[PDB]
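Asks: with the input below, show me the fold.
(2 chains, ligands or ions: 4)
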There are 2 protein chains.
Amino acid sequence: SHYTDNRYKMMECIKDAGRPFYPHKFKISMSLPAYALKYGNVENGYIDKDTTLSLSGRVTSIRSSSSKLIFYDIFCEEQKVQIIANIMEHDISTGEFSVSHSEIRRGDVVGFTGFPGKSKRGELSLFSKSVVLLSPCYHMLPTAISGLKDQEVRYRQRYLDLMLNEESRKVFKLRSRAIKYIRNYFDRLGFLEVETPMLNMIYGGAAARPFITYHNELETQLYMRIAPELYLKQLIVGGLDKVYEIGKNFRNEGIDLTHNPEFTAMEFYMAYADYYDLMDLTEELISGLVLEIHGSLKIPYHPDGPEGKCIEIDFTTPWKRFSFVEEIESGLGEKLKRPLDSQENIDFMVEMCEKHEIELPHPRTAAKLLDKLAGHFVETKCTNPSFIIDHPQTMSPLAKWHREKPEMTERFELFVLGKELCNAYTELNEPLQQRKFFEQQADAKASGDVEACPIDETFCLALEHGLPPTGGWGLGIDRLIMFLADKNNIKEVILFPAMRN
Amino acid sequence: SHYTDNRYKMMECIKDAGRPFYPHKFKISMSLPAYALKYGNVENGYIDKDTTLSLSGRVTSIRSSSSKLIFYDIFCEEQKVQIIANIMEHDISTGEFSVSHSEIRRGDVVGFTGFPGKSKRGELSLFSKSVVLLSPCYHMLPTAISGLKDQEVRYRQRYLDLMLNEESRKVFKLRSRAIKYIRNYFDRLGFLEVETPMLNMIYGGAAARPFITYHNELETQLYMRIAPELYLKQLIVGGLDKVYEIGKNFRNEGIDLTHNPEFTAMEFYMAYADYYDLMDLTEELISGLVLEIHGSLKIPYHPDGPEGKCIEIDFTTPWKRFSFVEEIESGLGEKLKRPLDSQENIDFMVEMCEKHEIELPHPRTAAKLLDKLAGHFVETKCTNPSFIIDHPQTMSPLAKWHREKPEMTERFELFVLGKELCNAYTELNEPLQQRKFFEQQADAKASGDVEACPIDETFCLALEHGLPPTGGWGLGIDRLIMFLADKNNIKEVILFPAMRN
Ligand SMILES: Nc1nc2c(c(C(F)(F)F)n1)C(=O)N(C[C@@H]1CCC[C@H](C(F)(F)F)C1)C2
Ligand SMILES: Nc1nc2c(c(C(F)(F)F)n1)C(=O)N(C[C@@H]1CCC[C@H](C(F)(F)F)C1)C2
Ligand SMILES: N[C@@H](CCCC[NH3+])C(=O)O
Ligand SMILES: N[C@@H](CCCC[NH3+])C(=O)O
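Replies: Numbers count the residues shown, from 1 in each chain, chains lettered A, B, ... in the order given. Ligands and ions are numbered 1, 2, ... in the order given. Sure, the structure comes next:
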């Protein structure tokens, strides 16, 4: 583009001519919001020539009325302000009027000095005496996001989106608000925030494939964490009683509308809680947050974008419970075979997958067959926030056995609109079984399950030091933001999401 | 150890005998702190047989004073409570007294039921009627950390440290407190907290060697971030005006008393600030925090451990400023040669390193020679919090040129006791020079500097959209905690630090 070359040329001319070239410091008198608060209610035509103010922003508009009168719009911190540059007021010590204003283009970051007030037409304005070019824009911008080559530019160059699109800026403000709310909830319960390692010698705590890396000086290979769970439980052994962590997990898997290779998770571990206690807590925390944000527990969601259909999601507590196996058996019209991890049941589940046209997993472990069936028959029933509960042990290697139900565990997942938000259980604290389930997992891994985790002997050793009865819990913050902010694409709620190259 | 085998054997016997085996849920009447608050001031010998309470904790002591009377200490949430188990009071429906208490060992997590009050000797106590084994400890514990095989166990098995050492628990409480204080500081200034990616296609923003990894589905190699700087500055282009991030950096380098391959950094970017503004902010923030924690700006530090010498560090503002080159030239007793990146000056600086017995760097870039000299002559003068300022451009590729001093930049580092805490500058916002400095860096990388960063074209493109005059800043949280908590080893302030294997 000729535009970019010419701008570099202009800037060189400016520098060689000793005119202001990327000034180090511009001292604003106040923010534009603070300016609008102070002068926004004056009478039309008001002007205070006894007050000289410095304002700065990005130029969004340039209109000349004549050779002697120029109108700018500047924008900063969510506030627009009009600048009215009259040659009569121009401070000649900063250069000839025409020269000073010839250096300014739309998109430029500029400073102005002058007198506060309002135009006769009633527009909040600064009656300028000078202009300074602080940081030029070397590209022709559109006036809105619809003027971009394509809408993927919004993600590859988020600065453009944030520049031009208020709706985008609002998502990240809301993200901050929601996380404050969540921290505060747990802070008031006497929780302690902790940081456990993102570099792991052994990955674990989730069904996910890891990123791999290497620490050269210590000549050891490492994994990025898929979850902090195995570390956090050790803190409960250590007696910290109530801990939470909020931070990135890394999952080496495909991207789509609800997946990004890194995302923000929260986990908490609470000693002496069980999964029943955690369901109540989840309801209180999430319903509270929804209410804080929306003023109501019934909120809009647009699955197919903002001009498509609108459904209502009802966060009124208590939420529906679906029992994992029973709901699968309702869909099937007959019972799964027992034991659930028997060859008999693996075969049966394969048969049922073919019959109901469900894509089979690989490998064909009982765990992954159960997961496919739950995805078809149960997750699809979860429009309003719903708990799927009482997952089989065979797919729940870190969850404590159900106190009433054989083969099951004290686990729940929270689904909203068929997407998983939370995953929680009464924590397994018996090390003999834990070692056994880790072995079954390593066996699955060797059989080609890329989401099965290796044995962690250090974790087993920690359990041998006595983990109190404990309840644990994780939440995908980003998917939560998708619901609160009404977005159907993860890329909307992460500043710099991953993209195909 | 026979002990571990026998405990597994006991637990099997318990299960086969139908006795309580890892109960799922134990409902406490109140916390131990709450128990101490309620019954701590009763008269000696008080007992309320009309109130039955459930308490739980980890057993820290077992004294059988006779065949009929056992004294336990349990500990939980920073509170010890004595249990007095009299055969006279035992609920026989839970088993024979001797049988019930034979299942309990030091280190066990246990529940007790009984009557609140105080012993005749005046010890806060529960007069128990039952005991439940909730989670046994299968290993013989010491009573304090000095009873561990070696003191590195504290780090390889942090649960033991946290179990046994109050001072350890205090560090991580203080860590949480300090980060709350810091977030609050910036929150009240109208900052927005953000998350930028830890998986990067191009690493940048610091002198550090990166971890390397690979995203299989997108068939692309990735770096873990060494700093969020290049992303964060794009948010200022986008107009967010004030942003901070608190989160892990990853640096693939050797470990020692002040280095860990991952650590917690905070960066913030404030539009319209310069490095002068940032020095004032740093003083206010850190002096405030010190005062909050210590009740004074003068605090103790033990560089050689708790039985060694003690220095006093004085955080009284304003802090000393040392000009980088001038202080080096004072130490040398002559001037560096100009330009600073000339072959003449490289040679000179090599000569001076040999003369003053300073370990040479590899490769021998001007930047790294300057660093070694600053390490010898300037960093060593920084006992009390001190700013080193006005670093050469050649070692400061993202810092804006000094407005007065040729070849220098508007940068500072904050040092306390010769260790770096902060690094900050008036941000370079001129894309022509930025591209040039990135080229010099890539050239250094190709010459074998593993801490030099490649060119980031996407960042250059962002600068071409106009970065406002901006001030940026980073802080090593963990090193700060070392000073606040008086620890001379990074491993003290990170829950699960890296270890040689
Ligand atoms: N690759 C990937 N994987 C997951 C998620 C994401 C993303 F970007 F959408 F945020 N990307 C997510 O939100 N997930 C829900 C899980 C539901 C249960 C709790 C966990 C937890 F604990 F990690 F937060 C997340 C998976
Ligand atoms: N490998 C490594 N490197 C650094 C640090 C650490 C550790 F473990 F101590 F935390 N380990 C640290 O604290 N560093 C100070 C820097 C001082 C200036 C600001 C930066 C920043 F940006 F990361 F905050 C940290 C380096
Ligand atoms: N680690 C789980 C969340 C916590 C489960 C309960 N301990 C996950 O990533 O899904
Ligand atoms: N990225 C720097 C901190 C910020 C420097 C100022 N932009 C570091 O890691 O030391």
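Asks: regarding chain A, what is its longest strand?
Replies: The single longest strand within chain A, with elements called by DSSP state E, is strand A:53-66.
Asks: chain neighbours aside, what residue packs nearest to residue A:90?
Replies: Excluding its sequence neighbours, the residue lying closest to residue A:90 (C-beta to C-beta, 6 or more residues apart in numbering or on different chains) is residue A:97, at 4.4 Å. No exception for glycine: its C-beta is placed from N, CA and C like everyone else's.
Asks: OK, contacts around that neighbour?
Replies: Counting by C-beta atoms under 8 Å, 6 or more residues apart in numbering or on different chains, residue A:97 makes contact with A:68, A:85, A:87, A:90.
Asks: what's the domain layout of chain A?
Replies: Per the record, chain A has its domains at A:1-144, A:145-499, by CATH domains of a matching chain.
Asks: would you turn those domains into TSV with distance to residue B:415?
Replies: Shown next, in TSV, are those (distance: least, C-beta to C-beta, whole Å):
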stretch	distance to residue B:415
domain A:1-144	24
domain A:145-499	24
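Asks: so which of these comes closest to ligand 1?
Replies: Ligand 1 lies closest to domain A:145-499 among the domains of chain A, at 2.3 Å (C-beta to the nearest ligand atom).
Asks: on that earlier part again, which of the contacts of residue A:97 fall within strands?
Replies: In this view, the contacts of residue A:97 that belong to strands under DSSP E are residue A:85.
Asks: my understanding was that residue A:82 contacts residue A:71; is that so?
Replies: Yes. With contact defined as C-beta atoms under 8 Å, residue A:82 reaches residue A:71; the gap is 6.4 Å.
Asks: longest single helix anywhere in chain A?
Replies: Ranked by residue count and defined by DSSP state H, the top helix of chain A is helix A:166-187.
Asks: show me which residues of stretch A:485-501 are buried.
Replies: For stretch A:485-501, the neighbour count (16 or more other C-beta atoms under 10 Å in any protein chain shown) marks A:485-488, A:490-498 as buried.
Asks: need the three-state assignment for the closest residue to residue A:207 other than its chain neighbours.
Replies: In this structure, residue A:207 finds its nearest non-sequential neighbour in residue A:451, 4.2 Å apart by C-beta to C-beta, 6+ apart. Recorded secondary structure, residue A:451: coil (DSSP: H, G, I helix; E, B strand; the rest coil).
Asks: out of the contacts of residue A:97, who's the most crowded?
Replies: For the contacts of residue A:97, the largest number of neighbours (other C-beta atoms under 10 Å in any protein chain shown) sits with residue A:85, at 24 neighbours.
Asks: name whatever forms a beta bridge with it.
Replies: Assessed by DSSP bridges, residue A:85 has beta-bridge partners residue A:70, residue A:128.
Asks: that one and residue A:70, how far apart?
Replies: Shown here: residue A:85 relative to residue A:70, a distance of 4 Å by C-beta to C-beta, to the nearest Å.
Asks: common neighbours of those two, please.
Replies: Each of residue A:101 lies in contact with both residue A:85 and residue A:70 under the rule C-beta under 8 Å, 6+ apart.
Asks: and the stretch 201-350 of chain A, which residues reach ligand 3?
Replies: Contact residues, the stretch 201-350 of chain A versus ligand 3 (C-beta under 6 Å from any ligand atom): A:205-206, A:227, A:229, A:267.
Asks: narrow these to those in strands?
Replies: Secondary-structure check on those using DSSP E: residues within strands are residue A:267.
Asks: show me which pair in the residues of the stretch 201-350 of chain A next to ligand 3 is furthest apart.
Replies: Using C-beta to C-beta, those span at most 10.3 Å, a distance reached by A:206 and A:267.
Asks: with neighbour numbers in mind, choose between these two.
Replies: A side-by-side neighbour count of residue A:206 and residue A:267, using other C-beta under 10 Å, places residue A:267 first with 25 against 21.
Asks: pretty sure that one sits against residue A:230.
Replies: No. Residue A:267 is beyond contact range of residue A:230, at 10.6 Å (criterion: C-beta under 8 Å).
Asks: who does the helix or strand harbouring residue A:285 touch, helix- and strand-wise?
Replies: With the criterion set as DSSP states H and E, the secondary-structure element containing residue A:285 is helix A:275-294. Using 3 or more C-beta pairs under 8 Å, 6 or more residues apart in numbering or on different chains; DSSP states H and E as the contact definition, the elements that helix A:275-294 packs against are helix A:166-187, strand A:411-416, strand A:419-426, strand A:470-476, helix A:477-485.
Asks: for the helix or strand following that helix, which residues meet the burial criterion?
Replies: Note on helix A:275-294: by DSSP H and E, the next helix or strand toward the C-terminus is strand A:298-301. Using 16+ other C-beta under 10 Å as the test for burial, strand A:298-301 gives A:299, A:301.
Asks: note down every partner strand of the next helix or strand after strand A:298-301 and its orientation.
Replies: Next along the chain after strand A:298-301, taking DSSP H and E as the criterion, comes strand A:311-314. Partner strands and pairing direction for strand A:311-314 (DSSP bridges) are strand A:298-301 (antiparallel).
Asks: give me the contacts around the partner strand.
Replies: Outside of strand A:298-301, the residues within contact range by C-beta under 8 Å, 6+ apart are A:290, A:310-316, A:417, A:483-484, A:486.
Asks: near ligand 1 too, which of those residues?
Replies: Subset of the contacts of strand A:298-301 in contact with ligand 1: empty, counting by C-beta under 6 Å from any ligand atom.
Asks: which single one of these is nearest to chain B?
Replies: Taking C-beta to the nearest C-beta as the measure, chain B lies nearest residue A:484 of those, at 16.2 Å.
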